[PDB]
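Report on the structure
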Protein chains: 2
Amino acid sequence: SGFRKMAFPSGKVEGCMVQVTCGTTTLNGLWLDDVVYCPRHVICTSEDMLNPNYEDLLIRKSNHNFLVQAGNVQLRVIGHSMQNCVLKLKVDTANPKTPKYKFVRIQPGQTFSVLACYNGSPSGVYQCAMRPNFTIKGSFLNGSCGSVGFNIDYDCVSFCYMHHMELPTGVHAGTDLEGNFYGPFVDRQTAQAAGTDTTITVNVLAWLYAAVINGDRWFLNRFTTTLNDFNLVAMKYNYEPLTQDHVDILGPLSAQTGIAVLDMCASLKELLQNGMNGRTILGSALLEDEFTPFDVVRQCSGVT
Amino acid sequence: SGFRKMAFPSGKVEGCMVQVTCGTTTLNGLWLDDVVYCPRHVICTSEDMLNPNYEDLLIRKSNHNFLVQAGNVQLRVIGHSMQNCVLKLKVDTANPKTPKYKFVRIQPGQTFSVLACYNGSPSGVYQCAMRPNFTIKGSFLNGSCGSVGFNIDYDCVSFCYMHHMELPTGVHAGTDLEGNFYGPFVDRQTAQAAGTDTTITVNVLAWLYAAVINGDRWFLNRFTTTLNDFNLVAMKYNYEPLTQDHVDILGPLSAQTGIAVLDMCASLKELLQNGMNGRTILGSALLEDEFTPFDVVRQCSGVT
Ligand SMILES: Cn1cc(CNC(=O)N(CCc2ccccc2)Cc2cccnc2)nn1
Ligand SMILES: Cn1cc(CNC(=O)N(CCc2ccccc2)Cc2cccnc2)nn1
């Protein structure tokens, strides 16, 4: 028993991290097969970031200007191309540590592990959710760009995120591995609005089920609700509307606990309207939304 | 910016995990050099756990009864010995993935990363603190025993914990890598009292400094306090007494923020006496105590 914000084991991703330097800018890159993926702003100086013309900046660069270092050995760059906001550096050596992998674009509300890196070296790993407004509440400092987000299914690493920037608001923005930003963000030093964020309702309900499984049941009540009644409450508290798709994914947790989804919704409704009254759920004094129904099942079943 | 419960990258530890089976019991082992370390209860059946005589149970076992599997290949066991609550299985092959390592006994209040494993395979990684009462609030299921806790300083893995059991209260108990339990616990299926736990005061203060560095400053007040006045408040709220040793370790954070330790103590005092008033600090609605001053400095400086 016990419930933790658990990240995937980061080993398969650590073996892919490299350092990419271009001019005086250094960041992290991801070496998979014979390609190194990194944020395209590696070609900019701080001065270029105000309004970069990446196409023009990249034209001044040749393969030999991109210094790629894996551990202590240098990689020979034989090709370079820009795909959206990422650069793909073709190297003459395939990464011997390349795991089975896929590039996936995750949906808002889904979770993933981030391996924060500096100078191509891993510093830490943490679990987070892609917010409904397509930002992540990460922990990243200058030089962390190129650090990636991922999920693992047995031996396959699904890379879903590459870190690019921090908004003036302190939240983080990045791309999928094809360089497409999640959200309306652009890789430019300009104040950018992240949308109104909302709470991931299906994840809070999944976490309430995890709480029941682990013994925290004080929040269970004698009430039930409807999807429409619950959504009136969700609207008021900036929770994303719950759909039958969300109820369907909660099926296994509802079956395991014997608590109908709408009954769990009524508990969530009372928690929203009354607060926690100074109590905690799974060691938290707020409603946690960074665990999907799949994460709860995985953690509660010990999937390796 | 941003502050997360960050774990160390688990790669160096993943390369050490093996599966140990003895009779019908299977758990995790740690393969370092030519030795596999695992909980000694691997030799027990569920029936033996009520009151095991480990010395007598181990005498019925030979090297060939301990099946050690690393990935898909079998390890040949050439020696076995019991040291406190761990078995050391000498194998004929040194682990090629053995990192630079040390065995350390951590102090209560210190933090570490846990790589939860099942059947010798890693499932997840999370950061936790050794509680003042020598329990850990982990996330472990049956079969997780032998999963280890560790810290990493550049290339050296300091193993500090091996998971053994879950108390009837839902908290976890284990040993150092010499098999000495942290706390008064015994590896037996008997109800065991964990002491009264307390909040790790120096860690909460470290986390309040991390909050200031990251922009959360609403809790800062115009007050100061003394060590004696603060400790009267800590006593009342089951916080560990703050000592000059704790103030000394908080020096770097106090210097970085310009907030004297006793001034931060006065903010903590007001938070203890008034609560959070429905507000949050670093995304938490309670006072977090699982980040040491060293963790705050490491995360806020990007040490790899
Ligand atoms: C040596 N060096 C400096 C840099 C550039 N800076 C960064 O690392 N970040 C921002 C880059 C950026 C700025 C404006 C529009 C787009 C992108 C990423 C970041 C920083 C802080 C917190 N979270 C993320 N890269 N390598
Ligand atoms: C196949 N198999 C079964 C087991 C035995 N069971 C376990 O894994 N645990 C307890 C063993 C134990 C019991 C009583 C006194 C000492 C030790 C560890 C645990 C379980 C649940 C949550 N956290 C930790 N090991 N391998």
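Under the PDB entry, chain A has the name 3C-like proteinase and belongs to Severe acute respiratory syndrome coronavirus 2. The record lists its title as "Group deposition SARS-CoV-2 main protease in complex with inhibitors from the COVID Moonshot -- Crystal Structure of SARS-CoV-2 main protease in complex with BAR-COM-4e090d3a-47 (Mpro-x3305)".

1. A look at the site of ligand 2
All names here are of chain B. Near ligand 2 lie 18 residues; those nearest to it are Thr26, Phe140, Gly143, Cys145 and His163. Between ligand 2 and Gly143, the relevant distance is 2.9 Å, taken from an oxygen atom to a main-chain nitrogen or oxygen of the residue. One of the side-chain nitrogen or oxygen atoms of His163 is found 3.2 Å away from a nitrogen atom of ligand 2. When the free accessible area of ligand 2 is taken as 580 Å², the share hidden by the protein chains comes to 79%. Of all the secondary structure elements, the ones that give two or more residues to the shell around ligand 2 are β2 (25-32) and β12 (156-166). Broken down by element, the residue count for the shell around ligand 2 peaks at four residues, all from β12. Each residue belonging to the shell around ligand 2 can be placed in one class, and the counts come to five nonpolar, ten polar and three charged. Mapped onto the domain boundaries, the shell around ligand 2 takes at least three residues apiece from domain 1 (1-14 + 100-197) and domain 2 (15-99).

2. Overview of the nonpolar core
Within the largest apolar cluster, 40 residues are counted, with the highest numbers of intra-cluster contacts made by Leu30(A), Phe159(A), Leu30(B) and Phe159(B). With near-sequence residues (within four places) excluded, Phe159(A) lies in contact with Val13(A), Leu30(A), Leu32(A), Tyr101(A), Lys102(A), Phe103(A), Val104(A), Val148(A), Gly149(A), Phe150(A) and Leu177(A). Listed in part, the 35 residues of the second largest apolar core include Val202(B), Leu268(B), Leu287(B) and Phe291(B).

3. Quick word on the site of ligand 1
All names here are of chain A. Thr26, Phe140, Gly143, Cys145 and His163 are the nearest of the 18 residues found near ligand 1. Look at ligand 1: alone it shows 590 Å² of surface, and the protein chains cover 80% of it. Elements supplying a minimum of two residues to the shell around ligand 1: β2 (25-32) and β12 (156-166). Sort the elements by how many residues they give to the shell around ligand 1 and β12 lands first, with four residues. Class assignment of the residues belonging to the shell around ligand 1 gives a composition of five nonpolar, ten polar and three charged. Residue assignment places the shell around ligand 1 across two domains, with domain 1 (1-14 + 100-197) and domain 2 (15-99) each supplying three or more.

4. Topic: the interface of chain A and chain B
On the side of chain B, 42 residues touch chain A, which itself brings 42 residues to the contact. When the two sides are added together, the surface that chain A and chain B hide from each other amounts to roughly 3000 Å², 53% of it contributed by carbon and sulfur. Inspection of the chain A/chain B interface yields two salt bridges. In this structure, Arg4(B) and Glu290(A) form a salt bridge, with 2.7 Å as the shortest nitrogen-oxygen distance. Where chain A touches chain B, the interface holds 23 residue pairs in polar contact. Breaking the side of chain A that touches chain B down by element, the ones donating at least two residues are α1 (11-14), β9 (111-118), β10 (121-129) and α8 (293-301) of chain A. Considering every element that reaches the side of chain A that touches chain B, the biggest residue donor is β10(A), with eight residues. Partitioned by chemical class, the residues of the side of chain A that touches chain B number 17 nonpolar, 19 polar and six charged.

How each quantity is defined
- Residues numbered from 1 in each chain as written, not as in the entry; some residues may be left out.
- Chains lettered and ligands numbered in written order.
- Heavy atoms only, no water.
- Near = heavy atom within 4 Å.
- Polar contact = N/O pair within 3.5 Å; in protein donor to acceptor, adjacent residues only side chain to side chain.
- Areas by Shrake-Rupley, 256 points an atom, 1.4 Å probe, with all protein chains shown as cover.
- Helix = DSSP H or I, 4+ residues; strand = E, 2+ residues; numbered from the N terminus.
- Nonpolar A, V, L, I, M, F, W, Y, C, P; charged D, E, K, R; others polar.
- Domains from an automatic or database assignment.
- Core = buried A, V, L, I, M, F, W, Y, C linked by side-chain atoms within 4.5 Å.
- Buried < 20%, exposed > 50% of the residue type's maximum accessible area, 1.4 Å probe, protein only.
- Contact = heavy atoms within 4.5 Å.
- Buried area = accessible area lost by both parts, 1.4 Å probe.
- Salt bridge = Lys/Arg side-chain N within 4 Å of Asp/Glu carboxyl O.

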